[PDB]
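> Output the structure for:
(9 chains)
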Amino acid sequence: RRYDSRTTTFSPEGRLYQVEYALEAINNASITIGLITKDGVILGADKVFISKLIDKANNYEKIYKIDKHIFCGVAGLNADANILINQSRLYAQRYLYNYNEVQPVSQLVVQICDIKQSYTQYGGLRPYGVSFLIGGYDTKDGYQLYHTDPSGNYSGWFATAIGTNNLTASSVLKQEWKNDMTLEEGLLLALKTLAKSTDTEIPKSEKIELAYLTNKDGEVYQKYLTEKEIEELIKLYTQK
Amino acid sequence: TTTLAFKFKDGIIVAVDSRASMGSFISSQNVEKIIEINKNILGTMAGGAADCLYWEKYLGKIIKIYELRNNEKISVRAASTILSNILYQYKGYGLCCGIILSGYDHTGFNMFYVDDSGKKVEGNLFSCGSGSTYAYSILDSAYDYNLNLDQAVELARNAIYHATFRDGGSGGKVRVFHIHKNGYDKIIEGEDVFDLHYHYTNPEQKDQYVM
Amino acid sequence: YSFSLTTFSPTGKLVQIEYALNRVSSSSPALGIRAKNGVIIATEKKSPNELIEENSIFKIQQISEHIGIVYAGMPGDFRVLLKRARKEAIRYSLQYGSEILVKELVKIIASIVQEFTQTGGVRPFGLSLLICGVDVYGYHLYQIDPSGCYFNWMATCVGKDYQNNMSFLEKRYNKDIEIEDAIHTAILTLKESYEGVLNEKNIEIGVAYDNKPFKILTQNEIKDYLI
Amino acid sequence: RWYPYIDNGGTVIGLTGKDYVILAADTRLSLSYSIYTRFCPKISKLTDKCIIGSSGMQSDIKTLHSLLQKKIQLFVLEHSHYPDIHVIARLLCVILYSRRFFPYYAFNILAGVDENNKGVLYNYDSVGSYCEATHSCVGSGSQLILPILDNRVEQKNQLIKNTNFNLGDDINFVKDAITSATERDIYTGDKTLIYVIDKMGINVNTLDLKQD
Amino acid sequence: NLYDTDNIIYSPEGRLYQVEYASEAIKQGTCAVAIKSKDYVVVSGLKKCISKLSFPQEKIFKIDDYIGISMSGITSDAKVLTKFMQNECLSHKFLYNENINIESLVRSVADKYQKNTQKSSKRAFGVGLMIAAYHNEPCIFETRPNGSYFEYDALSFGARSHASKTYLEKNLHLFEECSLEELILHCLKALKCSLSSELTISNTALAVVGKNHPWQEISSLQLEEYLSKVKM
Amino acid sequence: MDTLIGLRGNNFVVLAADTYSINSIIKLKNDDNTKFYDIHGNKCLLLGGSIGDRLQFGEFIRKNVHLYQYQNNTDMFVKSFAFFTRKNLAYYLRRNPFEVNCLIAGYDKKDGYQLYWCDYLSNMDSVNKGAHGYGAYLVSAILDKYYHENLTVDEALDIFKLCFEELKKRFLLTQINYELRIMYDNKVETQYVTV
Amino acid sequence: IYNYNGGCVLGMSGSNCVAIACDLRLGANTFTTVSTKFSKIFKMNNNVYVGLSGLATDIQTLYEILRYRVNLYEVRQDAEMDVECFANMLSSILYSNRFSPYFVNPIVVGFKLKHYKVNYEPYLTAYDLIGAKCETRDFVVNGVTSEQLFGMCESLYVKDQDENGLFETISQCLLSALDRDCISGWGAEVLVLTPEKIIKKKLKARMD
Amino acid sequence: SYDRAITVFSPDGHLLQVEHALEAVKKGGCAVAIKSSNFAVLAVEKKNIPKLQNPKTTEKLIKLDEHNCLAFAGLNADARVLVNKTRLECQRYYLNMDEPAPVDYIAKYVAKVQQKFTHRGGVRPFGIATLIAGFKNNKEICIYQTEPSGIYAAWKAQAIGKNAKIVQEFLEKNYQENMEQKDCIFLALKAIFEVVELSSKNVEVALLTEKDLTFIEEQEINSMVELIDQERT
Amino acid sequence: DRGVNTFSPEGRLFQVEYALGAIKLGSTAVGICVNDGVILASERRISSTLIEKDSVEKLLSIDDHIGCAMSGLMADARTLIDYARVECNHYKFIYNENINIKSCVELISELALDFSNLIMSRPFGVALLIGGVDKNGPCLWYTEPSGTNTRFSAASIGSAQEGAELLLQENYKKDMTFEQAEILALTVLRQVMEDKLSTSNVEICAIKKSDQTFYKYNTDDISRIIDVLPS
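Numbering: from 1, shown residues only, chains lettered A, B, ... in the order given. Next up is the structure itself:
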């Protein structure tokens, strides 16, 4: 009792003092972006540089896949993100087992936010300090994009940014984003946002990762851009 | 073992015998097979006497709880559903209770049939027990809506008489209750079937009645 | 009675995890290299007095027939984590009937470390693991952390003065390095970091040689390499 | 492959009047065809104005009587008033139905005098069903004795009829009935206890029957 | 100072402060007094009255034929203990068909006290019991918040117990070999001395338990007669 | 014992069931309503077997589906409904057997009009038509003979009339009264027929 | 118990080509066919297929469990599952319910990947209801018609063969086997999978 | 911690945790509810980032049962979990009683669960204030309001959330019995806009009747807001 | 700073004392018992006019023959009422007779003190008056968070209970008739109440020895009684 940490307990103003700290930690992580276009949903991100000896091939640390039609981006603690991604995969596959159909994204985000809220209310365990950008596609509603947080708060978005310097990225998105956009134009806008938020005039092919999901030929599939593809994309960007 | 109930213009009529058997031997000739579950709901007994009585009183306790908590009279449908659920929980355990729950609620006059296997059925005329078939036959042959209370009670008494006549397990005394808007009344609390037979079929006491 | 002893502070920073990292940074250094046709994990054990038997204490272990592991931190936590990793590999093989994939094992260990830094009534592990292996998808060298987040390396170091050792290792390294050259580079980096004189019984080395079982160099082989 | 049910046999009779109740019972404990002992009372005093008799497994009836006495004692301790015969009857019904799937092999008669000085007699079954009556009998001799009581008290199938009954005549009738049961039954017993509950307490007497 | 926050911490002098505070609560209660002679044990107490529109609260209690107790302290804990003792006695009589040994029951209640005292997250009962019974010999027992019990010749509880104890010790030698009526008189003297502002049939509780004398509270008329006798 | 019939075709589905409540050797009612369970939206579940078992299972499934629809603010797809029912039935079969035969039917914007058979062991499979109960033996063949692609609702009702006449004329338990549930044009219509 | 909803599944290997065929009957009470589209072959991976025969409910439950497990593994590893791993996990799953088991006799058919270019090797195996794995490297049969399929394959198997010959042989063997069984048949379906493409065909079988 | 009291009486006799939860409620969005004759009107504010947020995501006003409807103000995650609990209880009641759950029963259940989370250890109070509108078992419209402390009360017209006192004061001097649908919607919009910036994107009002909950079309809301703005100036 | 069940230096649990302090606020209620029956009355502190006045009830019924009036934390009071009625109906099921008022109060106090292990988590902070009739007569009891319940002849709870009980002791007298008890109770409630007494401003309930059934006075009875009260 004497060593208790006072985790699940309202603050004198009703904030619990722990969700706030988790969010403030979130704000310090690298930036993640999210766009919705006429051809797919994008989750461009920014890789934190640790050293020059990291395995460039594959090694995706910010964008993950939860199912063939759902794929998200992390903006916080990596370990919490990994455990929550695992939980997301179990939830999606359990739904598919139960109903013999793919789970709409809204159900998945609802379940993830439910587990986060449960950790925020019951027990005395500290909250998960990770915020995702879950994006995907389904027949019921189509292309979607959400944004969670440590408090289990989620909301839909057409174009957003999270993490450090999210303010400038969101400003650029609001200034440039359009209702009907091509996938290539969306990729160009994502590159522009990552460059502006990172305070770099020209983004480096080794400092960013991109991905997009499209329902081409009636079969939803995701593509994670590689070094050569991102290099060609940045070449096109600087061309314009 | 015979219980009877039907619905008519002025409410509901319920009737029962009083025989209780331990096989070929009758343990008691006078028993109460009608329980006032609520101020406006009655339920008959058929089959296992102990199971039926205990579960009727348990349902009465639950009904009291709900009525006191919510401050509103319960409907016959809800009581029937509760009884069916609790009986079904004990499926395959040997319970042999067959119940007819009849009463007046805000929706009107209602009557339901429940079984030990969770068999909830709704209707306006029911009979259970070893003599059920005879009562059904006598009712359907002469039953009719919109008949006076006296005719209804006479028909119920005649049906119970005929059921007792051709059933070893049915006999004793005839009890007939009437359910109306404000509670219920006991039209016939107890009537020995002896004089009933000697008044209906063999009015003249000469020679054995042959059938 | 079961509450979280590690909690977010203003700005977060999970102070307990920072202290675990500090614990790691003060321990004996250990490094790893990913070569063209093999992987190496090397470490240095402090010069033992004449009483200790180096054959009784081992900082290099093998989890499976192809996967090796080294650590730098608290020996007891290393032992318990090693046993749990062995059990994890065994239970994976019992189901899929094959050697556990390196990435899968790294994921299980990272999840366990995460659960330990989340659950209440406990404190984070005070070590920084280093797992090397070979599988169908080539060679792998991963590094776990007390925070429970893993990294994919091709050449790395952990422990005391790991920044200078990392810089030296980066200075002399190539994607197409031979296995013997990688062993030589590991020896050179360890010697530079030691700040003394090295010799047999003062270092430990394990190597995954192509499609061959993971093998821990004996003292004679290490001495031959040293010359 | 063991059957946990044996009938120890015996007979209990109960009759009621205007303001008194008589309960007679054998005092023989026996096995299949041999007698354990010549004295084992089956009537246990529950309260100052309520007693219970039982027939069947001796251990089951003993345990049931002890449990009911414990419940009554706890009730009087916690509520400061002795329970009525109706309360005891309902409590016994609940206790019996508790073991609905491993029922007691005990047939019970509960005799007493209500607070209004009325002789009340409840007859039960092995599972919990109970019904008030003005006369009852349980045990081996139940079938032999019930018709006699029905003829004496109910007095149906008769035209002259005679309802003038008092305590002495009822006691003599009970003694004659138990003697007849002993004559025509082999599990009945050899010595019988007669309890009489009246407005002024209760009394117990003993009678000697045949030994065969 | 700072060693009284939990019941599982020994102070530098080696004392449990929570148990001492429980004893303080016991002492803060109302009065009571018990005496015994060659035969018969007499228990007396003051039924607290909080207002002129309140009947005095029950003080003495009956646990079983020939066994009764008196309370001092928290009433809820007293109710819990009384229920436990009644259940114990009834169970023993049920499954052995004989009266429970008084000392074993006292041991059981003391063990309950000790168990509640030992483990943290639980508090010690702040109630003291005064058990009086006749198990082939008159017996008086006292129990404390810490697992501990004693057997007395004359006992008092809380309130202004000093006067009652002084009177008891001043006349202890005469209690043995004394008639029941005089024993009741002496108990009333002790209670009246404790009162320190009069005794009435309403605010005083009295009980006796002895050979061929099951525990029974003294009727209103008999109590009034005894009160008049002591008054004169 | 309880006869169920189902016929699905382009832009129409039809379910039919006798209306009888059997207890021992008598009929409690001639207008049984415990066989049909309409789910919110365009979905129907027809159960046959013991009255209590079908009551319990149908109420459970319908209220669970309603819970799903309210919680997720949408309409469950017909395939999802059918497979959820099959999974629940199999689970209870493994623990607490449910002696009930199932005919699921509905309309979906994705798969169109569809029907699903289900045995009491949860031997579920998509079908264009089917029957349950002993009376099935006397109707299935007829359904094969007169069924053909591009059918119309009126022809379906004619086939059902033929089936009812066959049951009345040849089936041991002479069944006369039937209840029909017709799903088409985003409408669910109930009819009563007496042969 | 297996007569209730009888079924038949068969598989053959050739030269860089594999084939799996099955019957399309779903009956009840043995002697009453209910549907003629129930397919016993389910695609589990781009080059791994499982043919299940037996009680239909058990078939569906096992298929759903396998799909769940395979999707989980594939997502976690971000790579396709190997036939060896799938076979071993199927054996483990079948044994997990040794008591109160699944009344289904499955068979696994697909390609084993030999990396170095890359090579495809036919892989076949058949199981008992407990998981009694037994590799055979040639034709595999399973169902109530196991005896007839064994005889036909023994008489007609031609070792390695072109995909056309493989299709002809497997179709003929299956059609002959079904024609001698009363509780199985009512149409047949054949799948011929090769590295380049996958052909699915349905035979003009005796539908009565 | 795990299974140990987190809300306890203060020296003055106040449960500080409950008061902090009420304060958090006071920080949430506004909501208003009116009833009349045989129909009710529910209004809730809205706050979304233009051009980025998806309005369809917000579900401040929800339907619990065939007839019941709910609105809330406070922590959104707590609202969602409590709503799921309430829907599960609705269906459990419909199982065990074979009748749709009346509004009074569900209001009592919400009060009970909020009280339970205030009187058990290892869990902190629900920081939301809700108001439900529905039909009683006797086909009568009624609306109840529930607070974090668990105390519930039936109201004729009530507002919760930021500045709920001001909206309540406005309602107390304008409410009329058995009003028309248009007048009820007008009053609801006026009450919500008394404390909320004037625009058609800051309100999502709806009307509940026996048939079903109907969301008012955006054009009607635009006309109403223009009318009230004109009346104000 | 300390657990729920820590003893104070004087031997009083801190939480129980704080609950006692908390129960001192709320609607005022009074209760009286006489040889004919028991009567309870409540202040009925109505909030803004938008409330129905039917949902806010301070006089519930534990059973047919028992009524109650509460004060303090309403939610805890409702929980206690639910538990009390559940246990009373359990008693009625186990024993055909009706539960005595004393036993019901004992069960309520046991639940209230359950919070101390020897489940709930803290004292309830509710004060109740429970009045009723049984074979032993008509009587009313007072229950407080500390667990100590006490029978009363004329009592008052809620804010201003000091003045109410002072008036009760100043006026209440034995051998009083039921009409006399009603007028006395309403006069005291009027005196202690802040606003002007009216039909909708107060609520009353009573249990008679003859009927033995809980009966809540409606508007007509309340107005009839009001007309006769002395001015």
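> so what's the residue in chain I positioned nearest to chain B closest to, chain neighbours aside?
Ranking the residues of chain I by distance to chain B (CB to the nearest CB) places residue I:93 first, at 4.4 Å. To be clear about C-beta, it is placed using only N, CA and C from the backbone, and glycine gets the same treatment. Closest residue to residue I:93 in three dimensions, ignoring its sequence neighbours and counting by CB to CB, 6 or more residues apart in numbering or on different chains: residue B:61, at 4.4 Å.
> which SS class is residue 130?
No chain in the question, so chain A it is. Using DSSP: H, G, I helix; E, B strand; the rest coil as the criterion, the local structure at residue A:130 reads coil.
> The nearest residue in space to residue B:107 that is not next to it in sequence: neighbouring residues, count only.
Excluding the flanking residues, the one nearest residue B:107 by CB to CB, 6+ apart is residue B:75, at 5.9 Å. A count of nearby residues for residue B:75, using other CB atoms under 10 Å in any protein chain shown, gives 21.
> Give the full set of residues in contact with residue B:75.
Applying CB atoms under 8 Å, 6 or more residues apart in numbering or on different chains, we find residue B:75 in contact with B:105, B:106, B:107, B:110, H:99.
> same thing with residue H:114?
Residues near residue H:114 by CB under 8 Å, 6+ apart: H:82, H:125, H:126, H:146, H:147, H:148, H:149, H:150, I:75.
> Those residues: which ones sit near chain A?
With CB under 8 Å from any CB of the partner chain as the criterion, the subset of the contacts of residue H:114 in contact with chain A comprises residue H:125.
> tell me which parts of chain A are close to chain I?
Close to chain I, as judged by CB under 8 Å from any CB, chain A has residues residue A:1.
> Does the longest helix anywhere in chain A reach chain G?
Criterion DSSP state H: the longest helix present in chain A is helix A:78-99. Yes - contact of helix A:78-99 with chain G is found when judged by CB under 8 Å from any CB, involving A:89, A:90, A:93, A:94, A:96, A:97.
> and that helix with chain H, contact?
No - legend: contact between helix A:78-99 and chain H by CB under 8 Å from any CB is lacking; minimum distance shown is 15.1 Å.
> In that helix, which residues are buried?
For helix A:78-99, a neighbour-count test (16 or more other CB atoms under 10 Å in any protein chain shown) marks A:78-89, A:91-93, A:95-99 as buried.
> gap between the closest residue to residue C:145 other than its chain neighbours and chain I?
With sequence-adjacent residues excluded and distances taken as CB to CB, 6+ apart, residue C:145 is closest to residue C:128, at 5.7 Å. In this structure, residue C:128 and chain I are 40 Å apart, going by CB to the nearest CB, to the nearest Å.
> hmm, back to that, against which helices or strands is the longest helix of chain A packed?
Packed against helix A:78-99, as judged by 3 or more CB pairs under 8 Å, 6 or more residues apart in numbering or on different chains; DSSP states H and E, are the following elements: strand A:63-67, strand A:70-73, helix A:105-121, helix C:102-118, helix F:78-95, helix G:56-77.
> out of those, deepest packed?
Highest mean neighbour count among the helices and strands packed on helix A:78-99 (mean count of other CB atoms under 10 Å in any protein chain shown): strand A:70-73, with a mean of 25.
> touching chain G at all, it?
No - counting by CB under 8 Å from any CB, chain G is not contacted by strand A:70-73; separation bottoms out at 10.3 Å.
> That strand pairs with which strands, and in what direction?
strand A:63-67 (antiparallel), strand A:135-136 (antiparallel) (DSSP bridges).
> which residues touch the last one?
The set of residues that contact strand A:135-136 without belonging to it, under CB under 8 Å, 6+ apart, is A:34, A:36, A:41, A:43, A:66-67, A:69-72, A:105, A:143-146, A:213, A:220.
> now do the longest one
By CB under 8 Å, 6+ apart, the list of residues contacting strand A:63-67 from outside reads A:43, A:45, A:71-74, A:81, A:85, A:88-89, A:92-93, A:102-103, A:108, A:134, A:136, A:209, A:211, A:222, A:224, G:71, G:75, G:78.
> Heading C-terminal from the longest helix seen in chain B, find the next helix or strand.
Of all segments of type helix in chain B, defined using DSSP H, the longest is helix B:49-70. Taking DSSP states H and E as the definition, the helix or strand that follows helix B:49-70 towards the C-terminus is helix B:76-89.
> what helices or strands is that following helix leaning on?
Applying 3+ CB pairs under 8 Å, 6+ apart, one finds that helix B:76-89 contacts helix B:49-70, strand B:98-105, strand B:108-115, helix F:51-72, helix H:76-97.
> Residue B:58 versus the nearest residue to residue B:88 once chain neighbours are set aside, what's the distance?
The shortest distance from residue B:88 to any residue that is not its chain neighbour, by CB to CB, 6+ apart, is 3.3 Å, and that residue is residue B:118. To residue B:58, residue B:118 is 16 Å away according to CB to CB, to the nearest Å.
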